[PDB]
Amino acid sequence: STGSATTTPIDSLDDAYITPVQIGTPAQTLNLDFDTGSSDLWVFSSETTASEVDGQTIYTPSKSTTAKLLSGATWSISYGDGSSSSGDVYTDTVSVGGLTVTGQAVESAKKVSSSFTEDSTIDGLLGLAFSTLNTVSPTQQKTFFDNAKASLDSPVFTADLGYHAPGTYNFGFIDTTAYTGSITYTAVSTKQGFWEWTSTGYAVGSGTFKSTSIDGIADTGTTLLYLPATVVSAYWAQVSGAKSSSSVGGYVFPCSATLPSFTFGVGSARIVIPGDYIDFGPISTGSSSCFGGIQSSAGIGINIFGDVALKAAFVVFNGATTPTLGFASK
């Protein structure tokens, strides 16, 4: 089997991407944030504290003939941005782009933190990291990909995120028309539950490539590119007037600037992030100070190849017995 679904930016900045997901019988379609940095499929629901729902579409398990309460199971997750959610668990039928999993754990939110409430466009998350990170207790549950894997034509999914435009998540096949040149594959460590890999270095604009190992995670659920302070300083030093602002919470730059590109290495291959991808617009409405899309990972504890990086590539998440990651230009 295979599946193919379009993923769409939630706003004009590509702050996140939503993908429609069919849950239950008859189908209830919710728009979920596909997150290769976590491993829970959770949704706003009829059980979510009413004051914490503000415009989201909810899953109502009582209206699904295939929903079953997973007795005694609870979940609770906290994300890197400080947001969180928790609740109980149903199993139900879940389909993505024509690919169907029966008995998928659907984690129903009883509580969500304010940032979730405040974002009306995201109805929940669909985790695509390794199932070892799944938070369901006392019996850990599998991700949608893990459940679908054996049935897929090939044990892979691909992320093709757009810049200010829709893109595609495919399951079970590699669309050879979706990228240019070749796909370069690179080793993954699953030791921390992430799609963790090592970039071979970077360049700033038309500058020389610096060969240096950068360990980090391919994370579709993180907006920006978070890299070591040395690398980030080298980037922003090429932008007149750029500075790190503790009050804003990172590097800012004059909105009148033309940003240089940023290249990262995948083996001997190179992925080029155009400068425009690094502009996240005014820090506040009407400001001439703009927020940068490349930020320091210092104090995160891990480097994160988030959407800023991933949307410059066609990315293969290869879930073979020994997982690997593939990157192509597009």
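Swiss-Prot numbering applies to chain A: residues 90-419, in that order.
Per deposition record, X-ray crystallography, 1.3 Å.
A Cβ is built for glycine as well, from the same backbone N, Cα and C atoms used for every other residue.
Annotation comment: Swiss-Prot describes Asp124 (among others) as active site. A C-beta separation below 8 Å, combined with a sequence spacing of at least six in one chain, links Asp124 (active site) to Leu214, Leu215, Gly216, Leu217, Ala218, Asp308, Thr309, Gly310.
If you look up Swiss-Prot, you'll see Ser288 (among others) marked as active site. Taking Cβ-Cβ distances under 8 Å and a sequence separation of 6 or more, the neighbours of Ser288 (active site) in its chain are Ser302, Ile303, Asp304, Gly305, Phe353, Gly354, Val355, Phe394.
Positions annotated as disulfide bond by Swiss-Prot: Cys344-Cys379. Contacts of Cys379 (disulfide bond) defined by a Cβ separation under 8 A and a same-chain sequence distance of 6+ are given as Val341, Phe342, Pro343, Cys344, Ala346, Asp368, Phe369, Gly370, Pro371, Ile372, in order along the sequence.
Annotated domain 'Peptidase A1' per Swiss-Prot: 106-417, in sequence order, evidence recorded as sequence analysis.
The local packing around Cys344 (disulfide bond), expressed as other Cβ atoms within 10 Å of its Cβ over all shown chains, amounts to 15. DSSP assigns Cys344 (disulfide bond) to coil in the three-state reduction, placing it in neither a helix nor a strand.
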